[PDB]
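Per the entry's author numbering, the sequence shown runs over residues 1 to 130.
Ideal placement from N, C-alpha and C gives every residue a C-beta, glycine not left out.
As structure tokens, the structure follows; a few thoughts come after it.
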Amino acid sequence: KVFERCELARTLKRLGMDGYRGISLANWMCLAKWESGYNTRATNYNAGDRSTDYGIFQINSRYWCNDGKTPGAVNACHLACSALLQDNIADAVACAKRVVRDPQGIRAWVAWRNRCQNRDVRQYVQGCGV
């Protein structure tokens with residue numbers, strides 16, 4: 001499923017993402033936009049370390065989910081990576097929360113640092129009623 005901007009904003013808010021560990025909803029919106037373009041079935045294979053990124057937040061199989069084919073990987077979210085390709089993003093949201101519970105917080109994703117850190121993210125939630 002590909003979310004429409006405001007649809008996703010409200011979806012994320014109802015899931016308790018606004019201000020989770022100090023990260024505004026707008027930041028989450030900017031992350032999803034640059035990671036998958038709001039596409040829940042987006043995947044990206046990394047040939048170098050044989051891992052893959054899954055879903056709207058492009059979460060990596062080396063540490064966060066299990067896809068059974070990433071050498072020496074762990075599964076911190078205790079989820080099959082398939083759970084990260086569902087149209088319903090509740091599981092992806094629980095895992096994204098787990099990801100930012102680590103040291104880096106939202107900086108865990110390089111894309112956020114490149115397109116959201118220090119830039120304008122308020123534009124992502126404007127007019128969405130959140």
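When burial is assigned at 16 or more other CB atoms within 10 Å of the CB, is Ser82 buried or exposed?
-> Exposed, because fewer than 16 other Cβ atoms sit within 10 Å of the Cβ of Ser82.
Measure the Cβ-Cβ separation of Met17 and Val125 and say whether it is below 9 Å.
-> Not a contact, by the Cβ cut-off of 9 Å.
Give the C-beta separation of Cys128 and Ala9 to the nearest angstrom, bearing in mind that I take them to be a contact with Cβ-Cβ under 8 Å.
-> Your pair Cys128 and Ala9 checks out as a contact, with CB atoms roughly 4 Å apart and the cut at 8 Å.
Nearest-angstrom Cα separation, counted from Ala108 out to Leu25 | Straight through space, the alpha carbons of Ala108 and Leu25 are spaced by roughly 16 Å.
Thinking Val110 and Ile59 are a contact (beta carbons under 8 Å), I'd like their distance in whole angstroms, please.
-> In this structure, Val110 and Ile59 do not form a Cβ contact; the two beta carbons are roughly 13 Å apart against a cut-off of 8 Å.
The beta strand (DSSP E) with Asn46 in it runs from where to where?
-> 43 to 46 is the extent of the beta strand (DSSP E) around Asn46.
Quick one: using the 10 Å Cβ neighbour count with 16 as the cut-off for buried, is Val121 buried or exposed?
-> With 16 or more Cβ atoms within 10 Å of its Cβ, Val121 is classed as buried.
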